[PDB]
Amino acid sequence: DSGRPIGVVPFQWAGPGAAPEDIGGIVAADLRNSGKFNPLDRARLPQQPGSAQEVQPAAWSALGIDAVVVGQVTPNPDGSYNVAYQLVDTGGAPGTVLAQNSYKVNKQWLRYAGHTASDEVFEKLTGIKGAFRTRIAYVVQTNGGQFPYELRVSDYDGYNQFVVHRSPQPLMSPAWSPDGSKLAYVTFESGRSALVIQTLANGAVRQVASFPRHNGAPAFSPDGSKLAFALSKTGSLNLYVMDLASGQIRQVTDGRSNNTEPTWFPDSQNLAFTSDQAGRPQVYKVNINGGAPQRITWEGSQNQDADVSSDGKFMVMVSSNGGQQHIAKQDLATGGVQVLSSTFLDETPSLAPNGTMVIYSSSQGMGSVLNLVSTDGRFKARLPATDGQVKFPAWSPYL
């Protein structure tokens, strides 16, 4: 129902006025974001302990809380900062340190230091790899006239955004390479649609495909050797795969129907995609070495835009169920579907590399904004807003 109760104490700050960042706020919000933890409200804390020994287990047990996060933040002549946390047991081992660490970071990595604490605590208590130091990429339509579309990247939680690319035409569907160093996207900069790959550090741009008609929807294979995308030069959209070492392209689908929005399975062999071949969009699957695709979505009237988990256990998608469209999960072994979001005009979902969260676009006014839903359905939140309309969120791999 609500996530496992946990106490996050405001981190101890030694110095000038107020701390430069609320490290324990970051740690609380992250843990809340995963759906897994219900951090006790800061106002409701029984004690603001500043280290592992200043923690009173009784106080915490009494509230159903078996772990407390405390930390410290100190400054360094060098303009840098020391950030430390201790995860203390208040359950079976009252007063025991379960995890702890120490960083030296510049002010600009304070959020990062909070996210490292989050990741470490998260993983110790759940045994699941933390995803709080991973980013998202998306397209923003701004109010600027000349370059209204802006391929951007930020931290999964909205902070620290930067611009990768500005365009006078539209940009669509960004995709991360599995090492997180490149993004693939559709650009219309030419007058026509084209698929490029951009190195983030560099800005270097590799041209991938520009055939007649349509070129879109990229997905990098998990092993890093391929790029799947859709092309409609035959007459309808069909799936193609490119060998990145050679530049060589295969046709994966043939079909008078439209086949688009490829997504990989963990084996870099199979893809799930969307096809209208059955009328209203449905999710299908196919091997890149051929064979016929198989439908895999029988729940609801329409299912499109899939994202398969990194372990291949499930998939998220845009689904029309009970007469409307939301983000929903399909257990790939059992077959069950769960509706996750409850906002309006839910599009483009993307999974976090540990499968605990989904980022998606939703409709608000004449504009788009970004939403985050835990994969268990418990936690829903809108991200900080920005200066224009936001579409096409892509969650990065671990970084």
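C-alpha atoms forming the largest set that superposes within 1.5 Å between two forms make up the rigid core. Quick note: we count residues from 1 along the sequence shown, nothing fancier.
K.L.:
Do you reckon 88 to 96 or 121 to 129 strays further from the shown form in 4 other deposited structures of this protein, measuring C-alpha RMS after a core fit?
P.N.:
Larger mean C-alpha displacement, comparing 88 to 96 and 121 to 129 in 4 other deposited structures of this protein, is found in 88 to 96.
K.L.:
Between 193 to 201 and 209 to 217, where do the CA atoms move more in 4 other deposited structures of this protein, taking the root mean square over the structures and residues after a core fit?
P.N.:
Higher root mean square deviation of C-alphas in 4 other deposited structures of this protein is shown by 209 to 217.
K.L.:
Mean C-alpha B-factor higher for 290 to 298, or for 159 to 167?
P.N.:
So the stretch with the higher mean C-alpha B-factor is 290 to 298.
K.L.:
Which has higher Cα B-factors on average according to the PDB entry: 276 to 284 or 123 to 131?
P.N.:
Stretch with the greater average CA B-factor: 276 to 284.
K.L.:
According to the Cα B-factor stored in this entry, which of the following is highest: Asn270, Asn82, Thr260, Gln207?
P.N.:
Most elevated C-alpha B-factor of the set, per the entry: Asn82.
K.L.:
When the CA B-factors of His326, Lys104, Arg192, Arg152 are compared as recorded in the entry, which is the largest?
P.N.:
Out of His326, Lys104, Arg192, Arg152, the record gives the largest C-alpha B-factor to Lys104.
K.L.:
Among the modelled residues of its chain, does the C-alpha B-factor of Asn143 lie in the lowest, middle or highest third?
P.N.:
As the PDB entry reports it, the C-alpha B-factor of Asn143 lands in the middle third of its chain.
K.L.:
Mind checking which third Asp179 falls in for C-alpha B-factor across the chain?
P.N.:
Tercile = lowest for this residue's CA B-factor.
K.L.:
Against its chain's modelled residues, does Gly312's Cα B factor rank lowest, middle or highest third?
P.N.:
Within its chain, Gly312 is a middle-third residue by C-alpha B-factor, going by the deposited values.
K.L.:
Quick check on the deposited entry: does the C-alpha B-factor of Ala19 sit in the lowest, middle or highest third of its chain?
P.N.:
Its C-alpha B-factor, which the entry lists for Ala19, ranks in the highest third among residues of this chain.
K.L.:
Report the third (lowest, middle or highest) to which the CA temperature factor of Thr74 belongs, ranking only the modelled residues of the same chain.
P.N.:
Highest third - that is where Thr74 ends up once the chain's C-alpha B-factors are sorted.
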